[PDB]
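To start, the structure under review is shown below, and the notes come after it.
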Amino acid sequence: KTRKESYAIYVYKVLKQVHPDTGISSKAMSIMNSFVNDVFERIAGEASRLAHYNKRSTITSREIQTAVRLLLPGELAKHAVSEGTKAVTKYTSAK
Amino acid sequence: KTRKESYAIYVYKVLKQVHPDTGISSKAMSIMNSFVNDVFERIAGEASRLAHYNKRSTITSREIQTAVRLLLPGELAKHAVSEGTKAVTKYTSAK
Amino acid sequence: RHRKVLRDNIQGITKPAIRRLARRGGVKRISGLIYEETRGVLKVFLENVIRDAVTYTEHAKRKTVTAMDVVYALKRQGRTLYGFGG
Amino acid sequence: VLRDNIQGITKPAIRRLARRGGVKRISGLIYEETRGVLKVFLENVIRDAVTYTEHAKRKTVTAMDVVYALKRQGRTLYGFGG
Amino acid sequence: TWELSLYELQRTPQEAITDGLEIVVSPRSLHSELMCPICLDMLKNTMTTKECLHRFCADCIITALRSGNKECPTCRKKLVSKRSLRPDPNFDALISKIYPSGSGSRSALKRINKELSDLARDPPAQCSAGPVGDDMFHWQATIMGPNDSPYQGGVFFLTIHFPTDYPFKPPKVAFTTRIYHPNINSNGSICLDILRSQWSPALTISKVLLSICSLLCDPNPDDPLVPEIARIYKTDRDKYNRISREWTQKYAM
Amino acid sequence: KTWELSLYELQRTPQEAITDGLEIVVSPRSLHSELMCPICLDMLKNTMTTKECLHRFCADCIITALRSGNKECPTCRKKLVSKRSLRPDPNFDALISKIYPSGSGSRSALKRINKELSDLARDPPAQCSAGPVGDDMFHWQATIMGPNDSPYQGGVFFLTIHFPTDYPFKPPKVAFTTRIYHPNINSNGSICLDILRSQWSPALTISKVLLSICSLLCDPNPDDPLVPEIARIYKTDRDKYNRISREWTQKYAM
Amino acid sequence: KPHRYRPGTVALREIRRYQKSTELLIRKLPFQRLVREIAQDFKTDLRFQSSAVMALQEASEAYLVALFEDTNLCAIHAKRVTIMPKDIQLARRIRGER
Amino acid sequence: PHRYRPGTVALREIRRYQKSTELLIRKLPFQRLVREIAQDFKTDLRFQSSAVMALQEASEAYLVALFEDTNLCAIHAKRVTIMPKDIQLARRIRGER
Amino acid sequence: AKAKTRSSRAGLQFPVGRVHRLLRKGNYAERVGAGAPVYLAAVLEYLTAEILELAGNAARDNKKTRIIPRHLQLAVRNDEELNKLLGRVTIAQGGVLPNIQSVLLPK
Amino acid sequence: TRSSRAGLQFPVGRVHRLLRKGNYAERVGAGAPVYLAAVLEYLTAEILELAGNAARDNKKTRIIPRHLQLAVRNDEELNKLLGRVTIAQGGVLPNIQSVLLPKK
Amino acid sequence: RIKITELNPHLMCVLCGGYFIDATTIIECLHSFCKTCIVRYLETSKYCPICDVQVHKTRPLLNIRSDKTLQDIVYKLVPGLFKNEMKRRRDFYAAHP
Amino acid sequence: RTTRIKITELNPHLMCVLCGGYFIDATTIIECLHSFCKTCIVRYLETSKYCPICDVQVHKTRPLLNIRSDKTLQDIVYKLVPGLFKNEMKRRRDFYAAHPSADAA
DNA sequence: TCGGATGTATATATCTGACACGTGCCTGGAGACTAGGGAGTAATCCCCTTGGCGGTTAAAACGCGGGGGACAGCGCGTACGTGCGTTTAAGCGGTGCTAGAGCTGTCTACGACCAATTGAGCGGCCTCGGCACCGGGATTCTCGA
DNA sequence: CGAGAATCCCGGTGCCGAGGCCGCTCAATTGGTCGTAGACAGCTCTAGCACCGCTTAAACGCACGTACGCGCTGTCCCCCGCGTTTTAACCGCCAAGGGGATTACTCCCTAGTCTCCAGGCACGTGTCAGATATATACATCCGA
Ligand SMILES: [Zn+2]
Ligand SMILES: [Zn+2]
Ligand SMILES: [Zn+2]
Ligand SMILES: [Zn+2]
Ligand SMILES: [Zn+2]
Ligand SMILES: [Zn+2]
Ligand SMILES: [Zn+2]
Ligand SMILES: [Zn+2]
């Protein structure tokens, strides 16, 4: 059948978290999916270029953070870095 | 020192090919270098995305050619393609 | 063994259609020389996009241009499109 | 802390830029506007440049940082590297 | 700048009152300090603007930024999103401490009545407004001509219609009294930026009427409704004052 | 479309080649316009042909024409983005080599001036003239009279022509020094002619310029005039201009 | 005798009408024919996915509307309420397409 | 005495500065401006001469590119003098605000 | 040995392991840190939430309990930062912002 | 060398090495760096040619960045290729609008 | 009527250990301090003395603003605080030029 | 000065490779600058999309988009070859001398 | 100055289908592990950024006469909007035909990879000629009559 | 026509950066095993293409007319040009030393790999969100 992966269930979970009594259309679902994919490619790309610029062969959380600082504008970047740091810290603690 | 390299000698050679009695300054040479590197990264990048889009893990001369067809506009593409198809032919006449 | 050559379909884009697009664009009054210009611009845009798309198609050794080819073509022109994949 | 320095972009300099841009007559409220635009531009570039400098853990802003910033901003610059 | 003064450099701390002291409070005391300028009621889920430190209710400021300009409702400064704000725990906890009752509904009608009380308690200068009868959405206003402007003792009548999405949409304010003015229509329509484009959800009828009086004091010949009047006001000044005083002594007095 | 063969074309018989060894006589002006470079006014050399319009030029000529000026065809104004929009034509080179074995490796810029001078003296345009004041060929004096059916009918108008160093890649500076009351003709001497400013092509000659001015005298262009005072003079319209220009210019010429 | 709006009301009504809608404006089949006509110069006997044509139309109409906004701005900038080819050409020029 | 018509020597200035390739903005105060702006991101910064030169090249290029579009916006409104609204329109269509 | 997901340990919803895999086999680098996937997943999840929130608001405004592309468009094009982020992005079936110039308004 | 075997001046080997790193793909074709170096050599040749002519027109023998700018901006294809590219010490093409020319 | 012994920490400065004298809050965290307190505090550390959140990258003074809305509450709640402050201020400025 | 040369020496530059005769209504493919008779190359491009001589692809889909009427060349072959124009015109007149349809051809 | 003809905002019955959740399933993610190695980090050579005389002079400021141009007012005129009648074809679906995308198993030619090893290419030194510099004078646009 | 700069042109000269040689380091070349991606014939079936009468929405055509593009024009005014005066960028350049480059080296961290298994997707199914439509009431535009 060749299953094709997607971010549907995840963005759905997020939707239930932020808005428990709202729904989502298939079109808007695909749009959100394409969005997350695009941002992923952007951040990962900039992080890759960051690793290559400094003669490094490893993309750490630092490259990702810097990439987010470069891509996302203003408060969006601030909250993004905040959530990222929170997540990597909570992950670091809980083995 | 770390032996910082460039496309200096090659650009100079081609310059003396197209114009025997014509020189070039340092700044202009650096600019030509930046051009070569830019076009390199662009073609190689588009070729990489090409290979990735078709689930193929190899960048052959085909991906490069298609990348050129996508990047270089008009006649600039055509001739270039020829100059490619020519070269890769001669390389297969002595290998 | 089936061929068909299409001609003068640029006139398919009608005057009231361009008018509607202009309305959505926020235009109150429209000149007469606007429509042909619009047809030309649309023709060029489609020329470029479809050219790149077909390039992607031929690179994939396919005789059918898919939606992803259009998406890639638009993306490489700096016009990313959500809602069709990618 | 540095001074205002936005007035460093003097009137005849902006006039020169307009001349090279092909401008015959210049208004009076053009200069301040130009200073503002240039301020925003330089802010946007230097921000990313300093970001690149910090990620490299350097206290000195290199030319390559500027080049990378401009390139990712969509204004590739030849004659410095990259 | 932030250069400390001669006293600030050696300022002595004020010791906190440790002894048991009870302080009687009133709803009119910390009224203006704890009132959301949008809904004109007690603060709830206090959100504070980062750039100007202005307190709003969460629902109020969100609905304001979603259904209007991206400015601060109080000082009109750039406010691109809720991320340009920050929740205020200390403030909200203070309010919930002093006022255990809390807040209620945030209907448009409730805020209209809040404006009614806000007018009855402290009336504006040479301005007034009140309901025509039982309906609270159909108001009538009265604006007396200011001293400086050539409309002395005019006492002009106005009509006010509140929309359902008040205050997130400006109320239809028009004139019922004939007045010779470049910014005022021959029917009664008013050319005021805060009544159309630059409306703020933190504005009240009082501030609007005051803006109209200020408009009478200094007309705006830039973008008028009646062109010839503006032309007369720009070219001459005697004819403008004369005709204005005539229309004032005929259609107003 | 536009390639559908007609009744004759669908069954036309081949024109058999003359195989018997007979010689052909050709004067050095027989294949002139067919083998002449529109730019340097001389025989073709290293022939380049435009892909869009099939127009022949010299290599260096058309390349330099592209680099310095509009990116269009000097002959038919059709656009070509660069030197890649034209392919080399070895056939013309071979034909020329067989017919005229004299490439003459010396072109521009005085030579084109002289050739254009011969082309000027051979057959001048309608009621016009142009020729160097002295020994210097870069400074010409052109005499243009009054064309028939025009408010300037009758009289004489002298003007000076300054040929640039990079001529004909840059338009010649034409200055009208006879004080004529014309919309596009400034009182100082400058002429607001589009083909002499931005719409200049290396395939243009002094003949075509003076002819353009000759046609300009009859029907001027009030769209972009040099002086705004005459803009209303043609709003009179064509009734008060024949009594104001024929008494200020024609009366000061004839 | 009959009822006629002043020339300007219906236009604004249309503007309010279509700025709220999201569905495509250009007819489907003619646009498809245009797409295939333009495509027949790159590859013979081309087959098109419906989603591909739809994507092309979405991007096309989006582009045209976006251009119409800037064009309108150019028209208003010259103290006019009517869009003219000069406006479109200026927009294209500044955007860096012409 | 000796005078020139308003718009002549200005045009000559256009023709003169379009031929040249040297930088226009004064170097030192521009550098001072750069160092002034950079202090809001990282304290005590050092700059390569090539970095400041790059910033100046990019800045002058950006401004001289903007002034063209501005000039076009001025001519489009049947004017020969550039105005703030022309810059605003230019940057608007450019897609910056 | 009682296995748990990396997303659960990071307190996220977006798949950490999947992001890590995509980074590895996405031709971005020879090696990738252990903080990169959790950080990236965190950022993606945050942006997702931030968009879905405003989209839910715009959906509530139109009296609809299901977010459509129009709501996403209304959410993004009003948020200046989100708009700058998706400036070169065209949202399908999203339409445009209702905006009429003051000059075109009736006299 | 592979450059000599392909009749190229640009380094096929260096291009191949650069394609190996930089994280473009897993494995790289054997004819790919030849083709790429060929394209780079072509573009370099074209630009250096046009700029050489530009240098000739300016009575110079050494090519300055100004000549590169003149060469690039006078070619619609090259200009499109370098649309978002700023050439240092290149200046702008001479251009004065028609309505700016002196009148009256 | 409520005991003031409970409303203290909402009006207590954690730098001087007293009531807010000319309140000044940090933008990024809304944590309130005294002006005379927090101005000379940020002469060393560019971080918050409570939540340890970075006030600003280089210049923290750009991210602090005077909270008159809060200071008014402090003055209206605490009996004879404004009078005391004014009295001490005048008494100090009495023996100085 | 007057030069004279054998016409057979000039024939290879004036003859069509498709019909073996002189160029009539010369038409040139532009991707390689190759000339043929109009009818010859038009009929040929319905059988092949590549050049008859150098096998270079005329066009990827529609070859007719890359052919142009070469007037100057036709003028050359009309001036060099004596009485060719008169003969061709005679053919055109004699053909429509019995067929009354479509004059402009 | 205002009430009636348009058509937009609004309300609610009602059938339709796509959103949404349950399920068997299968593969990708998790867990325990070793060891090569990129990266951390203290150490150290030394390039290049930074400060600051003071002395110059071209460049930047300030001011003033005034001429070209921004801009508000007005009017001849036509191009475009509004609305209804005629007419073109888009949109509908019903559906058979099959091109060709998609997946699978098999055979096999491609390229990374370790290794041996020599020159291609960069850091670096030096004579020299392109070119910036320089000043007398050719001369060509400009402004007034 | 004629005065007056001001760009261009021409012969001379001081200067430094372009170009060629050379020491030599290290990366490209030569050559062979082998895991494996890629070529490819083979095969299931989704989905694109042609078909084709029909209700009708919509494009089209056209007459009437008024808001609006456009040329014309008088008047306030604001940049232009230019001499004088004020100001600091520019330059030579020795000198303190931050700090970027490079190097020697211990080691934490991630690729690599076999296994267990549940998170994730394709599939199936019931119904509520919303499209739908008759039907209100409503805000809004405009002439006698
Ligand atoms: Zn509130
Ligand atoms: Zn505020
Ligand atoms: Zn041509
Ligand atoms: Zn020639
Ligand atoms: Zn804090
Ligand atoms: Zn304190
Ligand atoms: Zn033939
Ligand atoms: Zn051929």
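Chain labels run A, B, ... following the order of the structure tokens; each chain numbers its residues from 1, and ligands are numbered from 1 in the order shown.
Any residue of chain C with an atom within 8 Å of chain I counts; using only C-alpha atoms, that gives residues 24, 26, 28, 78, 79, 80, 81, 82 and 83 of chain C.
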Q.
To check your reading of the model: which residues sit at most 8 Å from ligand 4 when counting only C-alpha atoms (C1' of nucleotides) and all ligand atoms? Write the answer as a ChimeraX atom specification.
A. /F:36-45,57-62,107
Q: Could you list, as a ChimeraX atom specification, the residues of chain F having an atom within 10 Å of chain B when counting only C-alpha atoms?
A: /F:81-85
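Our summary of the geometry notes that CA of residue 223 (chain F) is positioned 9.8 Å from CA of residue 183 (chain F).
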Distance filter 10 Å around ligand 3, atoms: only C-alpha atoms (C1' of nucleotides) and all ligand atoms, out as a compact mmCIF listing (two decimals) with C-alpha atoms, in the first residue's frame:
```
# COMPACT_ATOMS: atom_id res chain seq x y z
CA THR F 49 22.93 36.68 -38.66
CA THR F 50 20.13 37.50 -36.21
CA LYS F 51 18.00 34.45 -35.37
CA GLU F 52 14.70 36.36 -35.27
CA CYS F 53 14.86 38.51 -38.40
CA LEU F 54 17.67 36.93 -40.44
CA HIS F 55 19.56 40.20 -40.79
CA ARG F 56 23.29 40.11 -41.54
CA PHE F 57 25.94 42.21 -39.80
CA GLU F 72 17.46 45.58 -30.68
CA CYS F 73 18.11 44.96 -34.37
CA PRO F 74 19.62 48.02 -36.11
CA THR F 75 17.56 47.33 -39.25
CA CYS F 76 14.07 46.32 -38.10
CA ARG F 77 14.07 47.32 -34.41
CA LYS F 78 13.36 43.72 -33.35
CA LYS F 79 14.93 42.91 -29.99
CA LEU F 80 17.87 40.60 -29.32
```
Q: Give the residues close to ligand 8, within 6 Å, counting only C-alpha atoms (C1' of nucleotides) and all ligand atoms; write them as a list in words.
A: residues 32, 34, 51, 53, 54 and 56 of chain L
Could you dump the residues just selected with N, CA, C and O atoms as a CSV table (one decimal), in the first residue's frame?
```csv
chain,number,residue,atom,x,y,z
L,32,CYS,N,20.7,26.8,-36.7
L,32,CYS,CA,21.9,26.4,-37.3
L,32,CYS,C,22.1,27.2,-38.6
L,32,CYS,O,23.1,26.9,-39.4
L,34,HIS,N,20.4,27.3,-41.7
L,34,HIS,CA,20.4,26.4,-42.9
L,34,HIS,C,19.2,26.7,-43.8
L,34,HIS,O,18.1,26.8,-43.3
L,51,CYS,N,17.1,18.9,-38.4
L,51,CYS,CA,17.6,19.5,-39.7
L,51,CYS,C,18.0,18.4,-40.6
L,51,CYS,O,18.6,17.4,-40.2
L,53,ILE,N,20.4,18.6,-42.8
L,53,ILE,CA,21.8,18.6,-43.0
L,53,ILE,C,22.6,18.2,-41.7
L,53,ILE,O,23.3,17.2,-41.7
L,54,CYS,N,22.5,19.0,-40.7
L,54,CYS,CA,23.3,18.9,-39.5
L,54,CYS,C,22.6,18.2,-38.4
L,54,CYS,O,23.1,18.0,-37.3
L,56,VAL,N,20.5,18.9,-36.3
L,56,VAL,CA,20.2,19.7,-35.1
L,56,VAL,C,18.7,19.9,-35.0
L,56,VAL,O,18.1,20.3,-35.9
```
**Q.** residue 89 (chain L) environment, 12 Å, only C-alpha atoms (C1' of nucleotides), sequence neighbours closer than 4 positions dropped, as an MDAnalysis selection string
**A.** (chainID F and resid 8 12 15) or (chainID L and resid 24:25 78 83:85 93:96 105)
**Q.** Neighbour list for residue 69 (chain D) as a PyMOL selection string, cut-off 9 Å, only C-alpha atoms (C1' of nucleotides), skip fewer than 3 positions in-chain
**A.** (chain A and resi 70) or (chain D and resi 44-52+64-66+72-76)
Q) Neighbours of ligand 5 within 7 Å, counting only C-alpha atoms (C1' of nucleotides) and all ligand atoms, as a VMD selection string? A) chain K and resid 26 29 to 31 48 to 53
Q.
What's around region 57-63 of chain E at 9 Å? Count only C-alpha atoms (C1' of nucleotides), leave out sequence neighbours fewer than 6 positions away in its own chain, and write the answer as a PyMOL selection string.
A. chain E and resi 36+38-39+42-48+72-73+81-82+87+106+168+201
Q: Kindly work out which residues sit at most 10 Å from ligand 7, using only C-alpha atoms (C1' of nucleotides) and all ligand atoms, and give the list as number ranges by chain.
A: F: 12-15; L: 15-27, 35-42
Let me see if you get this right: every residue at most 7 Å from ligand 6, counting only C-alpha atoms (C1' of nucleotides) and all ligand atoms, written as a PDB file with N, CA and C atoms, in the first residue's frame.
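Everything below was put into out_27.pdb:
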```pdb
ATOM      1  N   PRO E  13      15.218  54.048  51.502  1.00  0.00           N
ATOM      2  CA  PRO E  13      14.052  53.170  51.345  1.00  0.00           C
ATOM      3  C   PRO E  13      12.934  53.481  52.337  1.00  0.00           C
TER       4      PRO E  13
ATOM      5  N   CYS K  13       9.340  46.556  47.023  1.00  0.00           N
ATOM      6  CA  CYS K  13      10.506  46.477  46.154  1.00  0.00           C
ATOM      7  C   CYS K  13      11.518  45.479  46.707  1.00  0.00           C
ATOM      8  N   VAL K  14      11.983  44.571  45.857  1.00  0.00           N
ATOM      9  CA  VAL K  14      12.894  43.519  46.290  1.00  0.00           C
ATOM     10  C   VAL K  14      14.357  43.944  46.183  1.00  0.00           C
ATOM     11  N   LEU K  15      14.588  45.242  46.011  1.00  0.00           N
ATOM     12  CA  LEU K  15      15.947  45.766  45.924  1.00  0.00           C
ATOM     13  C   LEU K  15      16.240  46.686  47.104  1.00  0.00           C
ATOM     14  N   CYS K  16      15.234  47.440  47.532  1.00  0.00           N
ATOM     15  CA  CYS K  16      15.374  48.333  48.673  1.00  0.00           C
ATOM     16  C   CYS K  16      14.651  47.817  49.926  1.00  0.00           C
ATOM     17  N   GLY K  17      13.770  46.845  49.712  1.00  0.00           N
ATOM     18  CA  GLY K  17      13.029  46.233  50.799  1.00  0.00           C
ATOM     19  C   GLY K  17      11.977  47.188  51.326  1.00  0.00           C
ATOM     20  N   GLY K  18      11.360  47.942  50.421  1.00  0.00           N
ATOM     21  CA  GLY K  18      10.338  48.901  50.800  1.00  0.00           C
ATOM     22  C   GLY K  18       9.315  49.141  49.708  1.00  0.00           C
ATOM     23  N   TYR K  19       8.536  50.208  49.857  1.00  0.00           N
ATOM     24  CA  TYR K  19       7.514  50.551  48.873  1.00  0.00           C
ATOM     25  C   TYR K  19       8.138  51.125  47.606  1.00  0.00           C
ATOM     26  N   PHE K  20       7.428  50.991  46.489  1.00  0.00           N
ATOM     27  CA  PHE K  20       7.919  51.479  45.206  1.00  0.00           C
ATOM     28  C   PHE K  20       8.012  53.001  45.167  1.00  0.00           C
ATOM     29  N   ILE K  21       9.238  53.512  45.131  1.00  0.00           N
ATOM     30  CA  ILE K  21       9.470  54.939  44.949  1.00  0.00           C
ATOM     31  C   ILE K  21       9.778  55.212  43.481  1.00  0.00           C
ATOM     32  N   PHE K  33      10.267  47.398  39.925  1.00  0.00           N
ATOM     33  CA  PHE K  33      11.312  47.802  40.859  1.00  0.00           C
ATOM     34  C   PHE K  33      11.225  49.305  41.096  1.00  0.00           C
ATOM     35  N   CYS K  34      12.110  49.821  41.940  1.00  0.00           N
ATOM     36  CA  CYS K  34      12.237  51.262  42.113  1.00  0.00           C
ATOM     37  C   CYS K  34      13.223  51.792  41.083  1.00  0.00           C
ATOM     38  N   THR K  36      15.358  54.416  41.209  1.00  0.00           N
ATOM     39  CA  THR K  36      16.659  54.695  41.808  1.00  0.00           C
ATOM     40  C   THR K  36      17.348  53.364  42.091  1.00  0.00           C
ATOM     41  N   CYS K  37      16.552  52.318  42.284  1.00  0.00           N
ATOM     42  CA  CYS K  37      17.080  50.986  42.545  1.00  0.00           C
ATOM     43  C   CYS K  37      17.567  50.303  41.267  1.00  0.00           C
TER      44      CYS K  37
END
```
**Q.** All strand (DSSP E or B) positions in region 10-94 of chain B, as a ChimeraX atom specification
**A.** /B:23-24,58-59
Q: Using only C-alpha atoms (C1' of nucleotides), determine which residues lie at most 10 Å from residue 77 (chain D), disregarding the query and same-chain residues fewer than 2 positions distant; provide the list as number ranges by chain.
A: B: 31, 34-35; D: 66-71, 74-75, 79-82; H: 54-55, 57-58; J: 84-88
Q: Can you work out which one of K:89, K:65, K:3, K:96 has the shortest atom-to-atom distance to ligand 2, counting only C-alpha atoms and all ligand atoms?
A: K:65
(Q) Let me see if you get this right: every residue at most 10 Å from ligand 2, counting only C-alpha atoms (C1' of nucleotides) and all ligand atoms, written as an NGL selection string. (A) :E and (48-55 or 71-79)
Q: Residues of chain D no more than 9 Å from chain M, counting only C-alpha atoms (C1' of nucleotides): send them over as an NGL selection string.
A: :D and (10-12 or 60)
Restricted to N, CA and C atoms, what would the selected residues look like written as a short mmCIF file (atom, residue, chain, number, x, y, z; two decimals), in the first residue's frame?
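Just written: again_3.cif:
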```cif
data_model
loop_
_atom_site.label_atom_id
_atom_site.label_comp_id
_atom_site.auth_asym_id
_atom_site.auth_seq_id
_atom_site.Cartn_x
_atom_site.Cartn_y
_atom_site.Cartn_z
N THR D 10 25.02 63.09 5.49
CA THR D 10 24.76 64.50 5.21
C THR D 10 23.88 64.71 3.98
N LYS D 11 23.38 65.94 3.84
CA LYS D 11 22.56 66.33 2.71
C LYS D 11 23.25 66.14 1.34
N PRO D 12 24.48 66.65 1.17
CA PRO D 12 25.08 66.50 -0.17
C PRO D 12 25.38 65.05 -0.54
N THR D 60 34.65 39.83 16.89
CA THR D 60 34.95 40.70 15.76
C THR D 60 34.09 40.36 14.55
#
```
Q: Report as a PyMOL selection string the set of chain C residues whose atoms approach chain G to within 7 Å, with distances computed over only C-alpha atoms.
A: chain C and resi 3+6-7+9-10+12-13+17+20-31+33-34+37+47+50-51+54+63-67+70
